[PDB]
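For reference, the structure is listed below as structure tokens.
Neighbour counts are summed over all protein chains in view; Cβ atoms, including those assigned to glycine, are modelled from backbone coordinates with ideal geometry. The values are calculated or read from the model by the stated rules, or taken from the named source; nothing here is a laboratory result.
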Amino acid sequence: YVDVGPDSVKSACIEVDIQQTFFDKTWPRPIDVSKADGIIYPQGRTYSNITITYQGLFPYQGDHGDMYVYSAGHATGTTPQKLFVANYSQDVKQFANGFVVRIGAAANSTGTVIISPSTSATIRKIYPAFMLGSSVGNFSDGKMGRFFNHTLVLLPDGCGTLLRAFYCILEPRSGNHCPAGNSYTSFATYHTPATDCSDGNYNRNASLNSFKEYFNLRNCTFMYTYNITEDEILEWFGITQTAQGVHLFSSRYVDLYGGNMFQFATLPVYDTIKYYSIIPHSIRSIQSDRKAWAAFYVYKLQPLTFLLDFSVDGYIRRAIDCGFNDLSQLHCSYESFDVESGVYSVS
Amino acid sequence: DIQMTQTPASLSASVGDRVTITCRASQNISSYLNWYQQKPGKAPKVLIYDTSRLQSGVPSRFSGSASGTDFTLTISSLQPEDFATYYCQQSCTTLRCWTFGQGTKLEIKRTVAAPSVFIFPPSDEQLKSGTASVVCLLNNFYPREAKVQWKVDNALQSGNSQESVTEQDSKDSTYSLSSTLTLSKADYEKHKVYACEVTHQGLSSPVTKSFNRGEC
Amino acid sequence: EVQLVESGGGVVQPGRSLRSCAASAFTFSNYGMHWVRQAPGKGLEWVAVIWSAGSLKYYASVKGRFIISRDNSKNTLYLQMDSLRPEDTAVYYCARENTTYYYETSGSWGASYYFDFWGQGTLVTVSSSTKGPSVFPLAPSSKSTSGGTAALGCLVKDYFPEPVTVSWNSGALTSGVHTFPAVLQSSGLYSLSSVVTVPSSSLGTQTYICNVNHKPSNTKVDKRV
């Protein structure tokens, strides 16, 4: 098996405040095939400059997807008072062909922080935490989002210095605010920037310890840590489940600026994943310390044939989704990105 | 399990005085210890939760500090109303069992007061019922506890005497003790003389009074 | 706003099954219910604790004798008592307990507790050889010579169903009233007496009549001397 280190000795889990309505915002970001948003490069081989049609799991063009945002906890000027999270834990999302995440989209811009409408801070890139399980169950209190045995959990750590992925059984602690405990809230991760994000004070398992209080790790199959540089530049994360194993794709590892997705890690899980839930994250910081954070976008993938344009570097600058519309279908028929205007076959 | 014994079962303290009450557990299983103050007719109140931060709604006069296994509560400016039985509970999440306080009763400490002795012999209807109960009453004694001995024909009787103490106002410091004999009709006639002896800490001389059958 | 009441407490034979607690105008579903028992001569202890989900129940001095089932839609928590004993019999209080929240890094503390509306408690009693009340007035042999003020008292014996109410002249004189706790005899019948202080000159010249009322008996005993 694997060792996650000593379990948290905290008597009770920290109280969580759920404000889904405050978190909800109008932020539409449709997938743009033209800019090759969320498309994985063919893993088999590099391709020639001439445009080549390729068939793979791909997000629908023009699909906004699901938007999730992480915001700082309610805080008095002297100290933080309570965690602030949405109702993401209750929400359960079906996993079929896997999903692609948009990270750092709102970074490098200034927008009001979710916790205070009056307060405005520069938005900074933040990294989402995802829990994927073969099966899901109701919570002891009857809330949705409880996860069964052998559920994979991925959490970024050290303000995004490293990413930790582990597939382990989850056991709720009996402490209050934990799922087994009275007044149970929701599974969540909490970090303090001064305690860990300050240089030389980084804690390798700080995110794991906060998750451990809500759910203990029992008989974990394996624990894997991958170190990813933290950058404001937009990056894409892709996760899919195959019989050979789970595949992890990071844009930052190969083409951070391009946004093209290339597999960086292989996870040996042969169990099919049918359900995934986003894990809400709360930042424990004072009101001055609290800053706006980027909102992650999740897009489901479905098998489709996409015209692919390859640069001399070979990166896919642009793509065409034939299924999206009749105009794209005529481009797909000719297998050419640009075609002379003509009458074309239609449904 | 955990064996907890409070050092004083009862504490006598003067009004406006500074006193310490200590409860010692077998071991301090957890930092959090729930002190409880109980007043008859009043629901139990948690004086302190972790012994480091005072519980909300609790006056600053009660302060709980734990040194070693023993836990000490410090109170100042004591009042008759302030006095109440004290219970300490050690709370551990792992242990389902919860520690129970022995309870410490608080009464005023001050100059002693001499008692008054009165007799209440059983009436004819009680004798007809078959039970003879002679009541020796001690009144206005400053200690809550009092010493009474019941004897018939100057012979000690064991178990026949029943001692009941009336509720005493803490400021008044005056209590009533009733000793009631239990006897059959045959026992009543055999006991020609009933004698009650009163002993008090304030009194320097134990005193006996008696009476015989048929005064009135 | 929290309302807590306990029901089903009654006199019972030994080795009997007795049904509990009820809650109103409160968020019972997310709050666990804790049962605490107090008996004379022993300190308060938590006999049973049940989680808000109710999936897990903890019993604390008994081999899981108590059985606790809570219905959140009903808003009532049911407690079952079996193999009841005189020493075991005691008043039971039901209250909701929430642990205080704390922030380790800043030392920030949140009370996060609902100890309000602690249960008043219900008394369960095990008794044998129950008898109808037999109040007897007590007359001093020498009330006049006893002292400047003399004590006149009435003793109630073998009263039915635990507590009985005794008054002097229907409460007309409250001077020197003394209340004595009901001791439990080996027979299982409680004994208590009520005495008032009245001046010796007043005694004999003026006669005071004890008035005793028992709710089960429904009899207003009048007792003259």
**Message:** Among the residues that make up the range A:244-263, is at least one of them part of a strand (DSSP E or B) and surrounded by fewer than 18 Cβ atoms within 10 Å (Cβ to Cβ)?
**Reply:** yes
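Restricting attention to the range C:24-57, report how many residues are more than 25 Å from C:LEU184 (Cβ to Cβ), within 11 Å of chain B (Cβ to nearest Cβ) and surrounded by fewer than 19 Cβ atoms within 10 Å (Cβ to Cβ).
Just the residues of the range C:24-57 that are more than 25 Å from C:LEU184 (Cβ to Cβ), to begin with: C:24-34, C:46, C:48-57.
Filter again for within 11 Å of chain B (Cβ to nearest Cβ), leaving C:34, C:46, C:48-49, C:56-57.
Of the ones still in play, those that are also surrounded by fewer than 19 Cβ atoms within 10 Å (Cβ to Cβ) are C:56-57.
Total satisfying the criteria: 2.
Residues checked against (1) buried (at least 21 other Cβ atoms within 10 Å of the Cβ); (2) in a strand (DSSP E or B):
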| residue | (1), (2) |
| --- | --- |
| A:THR266 | no, yes |
| A:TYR276 | yes, yes |
| A:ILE286 | no, no |
| A:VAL298 | no, yes |
**Asked** Within the range A:301-347, can you find the residues that are of a type in the set (S, T, N, Q), closer than 30 Å to A:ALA96 by Cα and touching a strand residue (DSSP E or B) at 6+ places or on another chain (Cβ under 6 Å)?
**Response** A:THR305, A:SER328
**Prompt:** Residues in the range C:38-48: is at least one charged (D, E, K, R) and within 30 Å of B:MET4 (Cα to Cα)?
**Reply:** yes
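Per-residue answers, yes or no, for (1) outside the structural domain of B:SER204 (by CATH); (2) among the hydrophobic types (A, V, I, L, M, F, W, C); (3) buried (at least 16 other Cβ atoms within 10 Å of the Cβ):
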position	(1), (2), (3)
B:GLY64	yes, no, yes
B:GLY68	yes, no, no
B:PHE71	yes, yes, yes
B:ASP82	yes, no, yes
B:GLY101	yes, no, yes
B:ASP124	no, no, no
B:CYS136	no, yes, yes
**Prompt:** Where residues in the range B:196-216 are of a type outside the set (D, E, K, R) and under 19 Å from C:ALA139 (Cβ atoms), which of them is nearest to the chain's Cα centre (by Cα)?
**Reply:** B:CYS196
**Request:** Would you confirm whether any residue within the range B:12-30 is among the acidic types (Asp, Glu), surrounded by 12 or more Cβ atoms within 10 Å (Cβ to Cβ), more than 26 Å from the chain's Cα centre (by Cα) and not in a strand (DSSP E or B)?
**Result:** no
**Fill in**
Flagged in the range A:217-232 as surrounded by 15 or more Cβ atoms within 10 Å (Cβ to Cβ) and either of a type in the set (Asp, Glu) or farther than 17 Å from A:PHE166 by Cα (or both), in numbering order, are A:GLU230, A:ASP231
**Request:** Might you let me know whether the range C:137-147 holds any residue that is more than 14 Å from chain B (Cβ to nearest Cβ), out of contact with any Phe, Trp or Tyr (no Cβ under 7 Å at 6 or more places or on another chain) and surrounded by 15 or more Cβ atoms within 10 Å (Cβ to Cβ)?
**Result:** no
**Message:** Condition check: within 12 Å of chain C (Cβ to nearest Cβ), under 30 Å from B:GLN37 (Cα atoms) and of a type in the set (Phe, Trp, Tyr). Does B:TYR87 satisfy that?
**Reply:** yes
**Request:** Of the numbered conditions (1) more than 26 Å from the chain's Cα centre (by Cα); (2) more than 10 Å from chain B (Cβ to nearest Cβ); (3) buried (at least 17 other Cβ atoms within 10 Å of the Cβ), C:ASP71 fails exactly one; give the number of that condition.
**Result:** (3)
**Prompt:** Across the range C:108-124, which residue is surrounded by the most Cβ atoms within 10 Å (Cβ to Cβ) among those that are more than 9 Å from chain B (Cβ to nearest Cβ) and over 13 Å from C:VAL2 (Cα atoms)?
**Reply:** C:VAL124
**Message:** For the list (1) crowded, with 17+ Cβ neighbours inside 10 Å; (2) assigned to a loop (DSSP other than H, G, I, E, B), I need the number of the one condition that A:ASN203 fails.
**Reply:** (1)
**Of residues in the range B:12-58 being basic (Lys, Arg) and farther than 25 Å from C:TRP118 by Cα, the one nearest to the other protein chains (Cβ to nearest Cβ)** = B:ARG24
**Request:** Could you list, in sequence order, all residues of the range A:152-178 that are more than 22 Å from A:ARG284 (Cβ to Cβ) and either in contact with a helix residue (DSSP H, G or I) (Cβ under 6 Å, 6 or more places away or on another chain) or more than 14 Å from every other protein chain (Cβ to nearest Cβ) (or both)?
**Result:** A:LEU152, A:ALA165, A:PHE166, A:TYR167, A:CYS168, A:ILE169, A:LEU170
**Prompt:** Of the numbered conditions (1) touching a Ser or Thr at 6+ places or on another chain (Cβ under 6 Å); (2) within 30 Å of A:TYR47 (Cα to Cα), A:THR195 satisfies every one except a single condition; which is it?
**Reply:** (2)
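Among the residues of the range A:300-312, which ones are aliphatic (A, V, I, L, M) and surrounded by 21 or more Cβ atoms within 10 Å (Cβ to Cβ)? Before you say what the answer is, go through the steps one by one.
So in the range A:300-312, the residues aliphatic (A, V, I, L, M) come out as A:301, A:304, A:307-308, A:312.
If the condition is that a residue be aliphatic (A, V, I, L, M) and surrounded by 21 or more Cβ atoms within 10 Å (Cβ to Cβ), then A:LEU301, A:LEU307, A:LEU308 are the ones that fit.
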**Prompt:** In this structure, does B:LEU95 turn out to be surrounded by 15 or more Cβ atoms within 10 Å (Cβ to Cβ) and within 14 Å of chain C (Cβ to nearest Cβ)?
**Reply:** yes
